[PDB]
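Chemist: Following this message is one structure expressed as structure tokens.
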Amino acid sequence: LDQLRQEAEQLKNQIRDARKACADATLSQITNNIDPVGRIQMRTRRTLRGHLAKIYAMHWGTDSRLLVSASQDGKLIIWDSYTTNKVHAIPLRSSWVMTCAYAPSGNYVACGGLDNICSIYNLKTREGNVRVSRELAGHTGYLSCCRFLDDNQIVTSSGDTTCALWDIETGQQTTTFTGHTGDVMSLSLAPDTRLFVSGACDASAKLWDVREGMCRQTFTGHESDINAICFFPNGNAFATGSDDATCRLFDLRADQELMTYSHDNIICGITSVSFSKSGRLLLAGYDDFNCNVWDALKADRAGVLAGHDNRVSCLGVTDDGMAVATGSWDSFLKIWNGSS
Amino acid sequence: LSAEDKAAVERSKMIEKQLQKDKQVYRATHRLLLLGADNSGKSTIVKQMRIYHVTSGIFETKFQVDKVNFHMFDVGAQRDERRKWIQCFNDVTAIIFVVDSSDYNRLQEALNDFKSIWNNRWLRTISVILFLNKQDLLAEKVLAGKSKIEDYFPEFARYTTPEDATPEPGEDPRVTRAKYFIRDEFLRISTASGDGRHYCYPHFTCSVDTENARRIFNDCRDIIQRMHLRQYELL
Amino acid sequence: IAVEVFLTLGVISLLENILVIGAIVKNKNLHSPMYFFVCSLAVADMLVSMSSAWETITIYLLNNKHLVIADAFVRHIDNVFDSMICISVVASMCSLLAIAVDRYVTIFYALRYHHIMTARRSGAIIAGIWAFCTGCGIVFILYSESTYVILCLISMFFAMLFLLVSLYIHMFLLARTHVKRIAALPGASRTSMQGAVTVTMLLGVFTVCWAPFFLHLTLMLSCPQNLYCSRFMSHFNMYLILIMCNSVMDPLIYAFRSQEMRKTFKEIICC
Amino acid sequence: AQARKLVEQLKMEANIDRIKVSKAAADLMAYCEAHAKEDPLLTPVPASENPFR
Amino acid sequence: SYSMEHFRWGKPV
Ligand SMILES: [Ca+2]
């Protein structure tokens, strides 16, 4: 018993020293010439209403126009942010849904939650409604976030300290990504689609080679549950936002924290993150009923988005860069675009 | 406009009609979260409450009382930590917290869990219907004379039956003193911190008792009445 | 009474009630049926205030020698005015009892409430109130010279005061049961004083601001030429002033008591 | 067993070849400059070419 | 003439 803890600590000391060694120049000081963005004020162009209850997840489309929204009332709505229309409204089986995803080809959407089940719905059928194409069982905890790689593979994070890669047609976990002590809260897939990062309630984030099923890195620095995570426009960084009211930006080769988005007034936690297209605009939902807009390279506030009567639980930026949607517990989605 | 955009608006209007239909059913049904531990009889409460009918991680039981519909959500096949998925229940009517009141070992653990529920945000409004389940085991335990409660709680030697006691007929003074002591140990945490926005409603239940749906119905009426009165600056 | 004292209250009520209408239209936590009746009340109060303010201006001019039109058009203006005033008075009272009935149903029919009232039924009841009030106002002002109209107005006030008192004493008497049950709780580290203060600040404002005018009417009918009753009737202006004080003070006691509306107040004022 | 699992999954962390933050922060701060003019939020767009008006 | 006066129902009828 003592030997195992001693060996773990011995590895930890070496890896900490190695991490500290490769810190020659801080990211903060190599950006002095970087012009601050200033102030970003964005207004509510569209307000999508129709949801009964709290919105717990939204996900855009690869066309940057359609979007899926998952609410606690059991509704999964596909909107058209341009015309404020609705295109489908799926009634779910389990009303406690905590994630949604929108397949890149547009033919599918996925949703899951405390039913421990990732349900895949086939949209492009149009026989009168949308039917559950296939449910994917095998998880023990609750289902925090699922993201498609293609139409026949989906990566799923659960509250059982695990993530898993599925094969939709077969329905069996091809591979299982284990190594977490606490339960996993958010996963973000990569632009190259070869890896992905997952962040958990123990203050930890990890990469996973989906084709090998083994963790490759593990990062520390937070003090509580990690809530949201996302890749920077390239798969060479990921912003992780946790429940200690602070954000951080973990690079991959550095294997070390770089920036700490904190503010003394800020005491409320963090729920969602979503980068912009340029890797210059880090959008984070906080529990204090409003979202915030940080600068990745500056770690200085740049904007606020108040407008929600309750907690901002959702956040997603288009693949084009046009718009930013925020969902919240007051049953409205807001499409924010900057003013010319 | 065009023809395609007109058909888009037709589809949107049809969906909005369906959503209006669903609004009334959603706002007119009351959602309850059944929390408890392994030794507590939750499953028996749920099974015996599937009489009032109209690795899965959650079980939804529907039941109506007096034409009022209720969802009840028993969280099963989940891990130990409940600090993250309980935030999803900030808009339920009530949380039914079941406590096994005859174990005497994990009653301290039950109190700590109830304290954490009571003090957590996203639950600062949600009232708790507290079911002190398995009272007949408790009775058979104090009367028989083994594992006396004061060995686990040293405050029992300085406690007496409160004035508002309404004992069941044919009940020993000792069992009623201990039963109200446990109720008082929970109500102490309930009243200690939270404001007038949520209250704890203790009921001495049992695993097989039949009047449980009525108790949830009555206390939900109380919860709603008090909420509305507190926003009318009455009460 | 000076026209200044009577126009000041009109402007103050206009401001408060426009603010309330905005705070309800520009917030979605406040789209319940209750706040629709609060907005109806705000509109009715706004009309009482502005219609009476403009009469006062026109009377201030005609009786003086600044603006003189013949007898038929003076009469025709006068009527239109009184008309609007009557419609808005009846609408104001009906929108107070709408809030009372809504609160009563939310409390005493707590678990069935959304099978009783939706947002659409609110609009139906509001539209019905205002059509009925328009009809009553026009009939009451074209037929004013009869006893029959004045008895109708009096009966409406007494019927709508009895019901408001009865609707709020019951609520307070239930709140006392709940406060007694909280008090019995152990370790109670709870005030019927709060309920008493609210019951008073609702009923007493209603009564003080609406009862003198209807006593004026019920003594115009009963005892028109007796010293006590004549001395009472001779204060018509001091009773209209109270009617407008009701418009000033209703937003304080209904809209300003909501935490969500007090948040919307800060959001609106910071714009 | 779990302790051995943590030990091995942490020793597989040791062999990873890092890179100094001087050029491990060339991924950031040198990616934006390649995408500075195509990001509508960071640099606002004229309202004609904006489906969100 | 017709002297106008505050609202209606004032002087005894
Ligand atoms: Ca007149």
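As a convention, Cβ positions derive from the backbone with ideal geometry for all residues, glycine included, and neighbour counts pool all protein chains shown. Any read-out appearing in this document is the output of simple, stated calculations on the displayed coordinates, not a laboratory observation.
Chemist: At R0 = 60 Å, how high is the FRET efficiency between A:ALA8 and C:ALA159 if r is their beta carbon distance? Nearest 0.05 is fine.
Modeler: Working: r = 81 Å, r/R0 = 1.36.
Result of the calculation: an efficiency of 0.15.
Chemist: Sort A:2-9, B:225-232 by packing, meaning the average of other beta carbons within 10 Å per residue, with the highest value first. Don't jump to the answer; show the numbers that get you there.
Modeler: Working: A:2-9: 12.1, B:225-232: 20.4.
Order by mean packing, descending: B:225-232, A:2-9.
Chemist: Please give the residues of segment C:169-208, grouped as numeric ranges, whose backbone N is less than 20 Å from a label point set 7 Å along the Cα-to-Cβ vector of B:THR166.
Modeler: C:173-188
Chemist: Counting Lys +1, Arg +1, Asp -1, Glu -1, what net charge surrounds A:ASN13 among other residues with beta carbon under 13 Å of its beta carbon? Kindly include the intermediate steps, with their values, before the conclusion.
Modeler: Working: positive: A:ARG5, A:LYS12, A:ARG16, A:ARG19, A:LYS20, D:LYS11; negative: A:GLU7, A:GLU9, A:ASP17, D:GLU13.
Summing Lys/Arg as +1 and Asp/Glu as -1 gives +2.
Chemist: Taking the Cβ of each residue in D:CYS32, C:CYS223, C:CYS229 as the centre, tally the other Cβ atoms inside 10 Å and list the residues starting with the fewest. It would help to have the intermediate numbers written out before the result.
Modeler: On the way: D:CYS32 21, C:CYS223 14, C:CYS229 18.
Going from least to most buried by this count: C:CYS223, C:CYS229, D:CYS32.
Chemist: Still on this model: With r defined as the distance between the Cβ atoms of C:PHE132 and E:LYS11 and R0 fixed at 22 Å, what FRET efficiency is calculated, to the nearest 0.05? Write down the numbers at each step before the final one.
Modeler: Working: r = 29 Å, r/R0 = 1.31.
Between C:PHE132 and E:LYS11 the formula returns 0.15.
Chemist: If you take each beta carbon of peptide D:31-38 and count the beta carbons of other chains within 10 angstrom, what is the mean?
Modeler: Values: counts 10, 11, 4, 3, 7, 3, 1, 4.
Rounded to a whole number, the mean comes out at 5.
Chemist: Oh, and also: Taking amide hydrogens as modeled 1.01 Å from N in the peptide plane, which residues meet the under 5 Å criterion relative to A:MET214, leaving out close sequence neighbours?
Modeler: Amide H to amide H, under 5 Å and 5 or more residues apart or across chains, A:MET214 pairs with A:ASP209.
Chemist: Give, as ranges by residue number, the residues of segment A:326-340 whose backbone N falls under 20 Å from the point 7 Å along Cα→Cβ of B:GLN18.
Modeler: Of the residues in segment A:326-340, A:332-333 have backbone N under 20 Å from the label point off B:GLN18.
Chemist: Can you tell me what share of the DSSP beta bridges in the protein assembly as shown is antiparallel? A percent to the nearest 5 is fine. Intermediate values should be presented prior to the final figure.
Modeler: Values: 108 of 129 bridges.
Close to 85 percent.
Chemist: Calculate the dipole size of segment B:30-231 relative to its Cα centre from +1 charges on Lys and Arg beta carbons and -1 charges on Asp and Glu beta carbons; express the result in debye to the nearest 20.
Modeler: 640 debye
Chemist: Turning to a different aspect of this structure: What are the ³J(HN,Hα) values, in whole Hz, obtained from phi via the Karplus relation 6.51 cos²θ - 1.76 cosθ + 1.60 with θ = phi - 60°, for each residue of segment A:153-170 in sequence order, with x given for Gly and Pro?
Modeler: 8, 9, 10, 9, 9, 10, x, 9, 6, 9, 10, 8, 10, 10, 10, 5, 4, 7
Chemist: Evaluate peptide A:272-281: per residue, the Cβ atoms of other protein chains within 10 Å of its Cβ; return the mean as an integer. Before the final figure, lay out the partial values.
Modeler: On the way: counts 0, 0, 0, 0, 6, 7, 13, 12, 11, 4.
Whole-number average of other-chain Cβ neighbours for A:272-281 is 5.
Chemist: Continuing with the same structure: Sort A:60-70, B:126-136 for me by packing, meaning the mean count of neighbouring Cβ atoms within 10 Å per residue, highest on top.
Modeler: On the way: A:60-70: 21.0, B:126-136: 23.3.
Going from most to least packed, we get B:126-136, A:60-70.
Chemist: A further question on this structure: At a 10 Å Cβ-Cβ cut-off, how would you order B:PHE97, C:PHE73, A:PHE231, C:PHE108, fewest neighbours first? Don't skip to the answer; put the middle values down first.
Modeler: Numbers: B:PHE97 24, C:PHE73 11, A:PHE231 21, C:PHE108 15.
Ascending number of Cβ neighbours within 10 Å: C:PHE73, C:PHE108, A:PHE231, B:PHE97.
Chemist: Convert each backbone phi in segment B:137-151 into a coupling constant with the Karplus relation 6.51 cos²θ - 1.76 cosθ + 1.60 (shift: θ = phi - 60°), then list the ³J(HN,Hα) values in order as whole Hz, x for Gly and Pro.
Modeler: 4, 4, 4, 4, 8, 6, 5, 4, x, 10, 6, 4, 5, 5, 6
Chemist: My understanding is that a pair violates if its Cα-Cα distance is over 30 Å; which of A:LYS298/D:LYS5; A:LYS12/D:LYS23; A:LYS86/A:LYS277; B:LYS42/B:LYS148; B:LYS84/B:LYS141 do that in this structure? All intermediate terms of the calculation are to be shown ahead of the outcome.
Modeler: Numbers: A:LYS298/D:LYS5 39 Å; A:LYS12/D:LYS23 25 Å; A:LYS86/A:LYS277 26 Å; B:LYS42/B:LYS148 26 Å; B:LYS84/B:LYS141 36 Å.
In this structure, A:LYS298/D:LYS5; B:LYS84/B:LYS141 lie more than 30 Å apart at Cα.
Chemist: Just check segment C:3-269 against the gyration tensor rule for me: Cα atoms, a ≥ b ≥ c as the square roots of the eigenvalues, rounded for a/c under 1.5, and otherwise prolate or oblate depending on whether a/b exceeds b/c. Intermediate results must be reported in sequence, preceding the final value.
Modeler: Numbers: a/c = 1.99, a/b = 1.65, b/c = 1.21.
In terms of gyration-tensor shape, prolate.
Chemist: All other residues with a Cβ under 14 Å from the Cβ of B:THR191 taken together, and with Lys, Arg as +1 and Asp, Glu as -1, what is their net charge?
Modeler: Details: positive: B:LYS115, B:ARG183, B:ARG188, B:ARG197, C:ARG181, C:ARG190; negative: B:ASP164, B:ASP184, B:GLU185, B:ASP195.
It works out to a net charge of +2.
Chemist: A follow-up question, please. For the pair C:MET201 and B:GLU155, how long in nm is the line joining their label points, each one 7 Å along Cα→Cβ?
Modeler: Placing both labels 7 Å beyond Cα along the Cβ direction yields 3.7 nm.
Chemist: Quick check: net charge around B:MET49, other residues with Cβ under 12 Å of its Cβ, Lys/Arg +1 and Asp/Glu -1? Write out the running numbers ahead of the final one.
Modeler: Details: positive: B:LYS42, B:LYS47, B:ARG50, B:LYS62, B:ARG214, B:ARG215; negative: B:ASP74, B:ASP209, B:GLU211.
Neighbour charge sum, excluding B:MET49 itself: +3.
Chemist: Would you be so kind as to identify which of B:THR160, A:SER331, B:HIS30 lies farthest towards the positive end of the dipole of the protein assembly as shown, taking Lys and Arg as +1 and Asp and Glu as -1 on Cβ and the Cα centre as origin?
Modeler: Checking the options against the dipole of the protein assembly as shown, the answer is B:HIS30.
Chemist: Tell me, for chain C, which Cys residues have no other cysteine's C-beta sitting closer than 4.7 Å.
Modeler: Flagged as lacking a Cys partner: C:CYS39, C:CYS86, C:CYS94, C:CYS133, C:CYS136, C:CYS152, C:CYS209, C:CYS245, C:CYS270, C:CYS271.
Chemist: Checking the a/c ratio against 1.5 first, then a/b against b/c, what shape does the Cα gyration tensor give for the protein assembly as shown? Intermediate results must be reported in sequence, preceding the final value.
Modeler: Working: a/c = 2.36, a/b = 1.48, b/c = 1.60.
Cα axes put the protein assembly as shown in the oblate bin.
Chemist: Describe numerically, in nm with one decimal, the distance between label points set 7 Å from Cα along Cα→Cβ at C:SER222 and at C:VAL68.
Modeler: With each label placed 7 Å out from Cα toward Cβ, I get 4.2 nm.
Chemist: What 222 nm value per residue comes from the helices of the protein assembly as shown, counting each DSSP H run with n ≥ 4 as -39,500 (n - 2.57) and dividing by all residues, nearest 500 deg cm²/dmol? If you can, show how the numbers build up before the last one.
Modeler: Working: 18 runs with 352 residues, N = 912.
-13000 deg cm²/dmol, from helical runs alone.
Chemist: Amide H of A:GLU135: which non-local residues (sequence gap of 5 or more, or other chain) have their own amide H closer than 5 Å, using H built in the peptide plane?
Modeler: The answer is A:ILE120.
Chemist: Would you calculate the separation in nanometres between label points at C:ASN79 and C:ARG257, each defined as 7 Å from the Cα along the Cα-to-beta-carbon direction?
Modeler: Inter-label distance under the simple model: 4.1 nm.
Chemist: Give me A:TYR82, E:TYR2, A:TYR121 ranked fewest to most by other Cβ atoms within 10 Å of their Cβ, as a rough exposure proxy.
Modeler: Values: A:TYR82 17, E:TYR2 12, A:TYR121 23.
By the 10 Å Cβ count, ascending, the order reads E:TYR2, A:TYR82, A:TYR121.
Chemist: Taking 8 Å as the Cα distance limit and 6 or more residues as the minimum spacing, I'd like the relative contact order of segment B:95-159 as a percentage. Mind showing how you got there, number by number?
Modeler: On the way: 49 pairs, mean separation 27.3, N = 65.
After rounding, I find 42 percent.
Chemist: In segment A:91-188, what GluC sites (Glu not before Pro) fall in a loop by DSSP, with at most 11 other Cβ atoms inside 10 Å?
Modeler: On the way: sites: A:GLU127, A:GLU135, A:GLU169; in loops: A:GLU127, A:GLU169.
Passing sites in segment A:91-188 are A:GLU127, A:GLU169.
Chemist: Among C:7-18, B:208-219, A:92-103, how do they line up by average Cβ neighbours within 10 Å per residue, starting with the highest?
Modeler: Working: C:7-18: 18.9, B:208-219: 16.3, A:92-103: 22.7.
Those peptides, ordered most packed to least, come out A:92-103, C:7-18, B:208-219.
Chemist: To continue, here is another question. Mind giving me the FRET efficiency for A:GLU127 and B:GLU10? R0 is 22 Å, r the Cβ-Cβ distance, nearest 0.05 is fine. Before the final figure, lay out each step's value.
Modeler: Values: r = 17 Å, r/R0 = 0.78.
Rounded to the nearest 0.05, the efficiency is 0.80.
Chemist: Among DSSP bridges having both ends in chain B, what percentage is antiparallel? Round to the nearest 5.
Modeler: Details: 7 of 28 bridges.
Antiparallel bridges make up about 25 percent of those DSSP assigns within chain B.
Chemist: Something else now. Shielding of A:85-94 by partners, i.e. mean partner chain Cβ atoms within 10 Å per residue?
Modeler: Numbers: counts 9, 9, 4, 2, 8, 0, 2, 0, 1, 5.
Counting Cβ atoms of other protein chains within 10 Å of each residue's Cβ and averaging gives 4.
Chemist: Another question, if that's okay. Ordered by residue, what ³J(HN,Hα) values in Hz, to whole numbers, does segment A:281-298 give under the Karplus form 6.51 cos²θ - 1.76 cosθ + 1.60, where θ = phi - 60° and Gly and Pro are x?
Modeler: 8, 10, 9, 9, x, 10, 5, 7, 6, 9, 8, 9, 10, 9, 9, 4, 7, 9
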